[PDB]
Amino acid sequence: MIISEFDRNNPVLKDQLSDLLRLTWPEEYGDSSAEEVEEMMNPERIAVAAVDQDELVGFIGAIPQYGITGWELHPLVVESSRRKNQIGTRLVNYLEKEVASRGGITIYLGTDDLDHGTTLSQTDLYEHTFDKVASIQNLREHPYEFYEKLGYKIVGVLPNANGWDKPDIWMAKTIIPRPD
């Protein structure tokens, strides 16, 4: 299958994206699902799709949050039935090329830990904040490790973001060579 820029004018494709988002995150994409999809189609954003034949199996987007330099990776979803076969890796790498081409320097993201997937949850993060970040361990195949393998680093945490001891984990990667 191929990874390419998402055709913002393809009703069918946009429908599959909506479903994929609703299925994956039913609590986050219930009503305004097709609506948030349109939000992801914004010209200022980047929208990359993974299509097998004619089926959308993965999608990744990026939002410019700091001028043209800092972008937020959001969202990233791969059909639960097509995971573990480099689709996510290929989507992230394609996104990075697209961001760089627009003058982007860094991409960051927030990956939450709501069900004790890592050692950063179920603990007071204001205590030994960064020692805990540095010694993080993946307890339940939390996706933060997916990003680490792609070169992203945990650069921060948001204590009790989603409720007591259910933090958001901030990760980032600078995608181009540093002026030398």
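Position 1 is the first residue in the sequence shown; the rest follow in order.
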TODO: Using the B-factors recorded in the PDB entry, average over the C-alpha atoms of 21-29 and of 5-13, then report which stretch comes out higher.
DONE: 21-29
Task: Mean C-alpha temperature factor, higher of 51-59 and 118-126 - done: 51-59
Task: Selection by C-alpha B-factor (highest) of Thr106, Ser81, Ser101, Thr89 - done: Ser81
- [ ] For the C-alpha B-factor as written in the entry, point me to the maximum among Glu148, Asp112, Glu38, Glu44.
- [x] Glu38
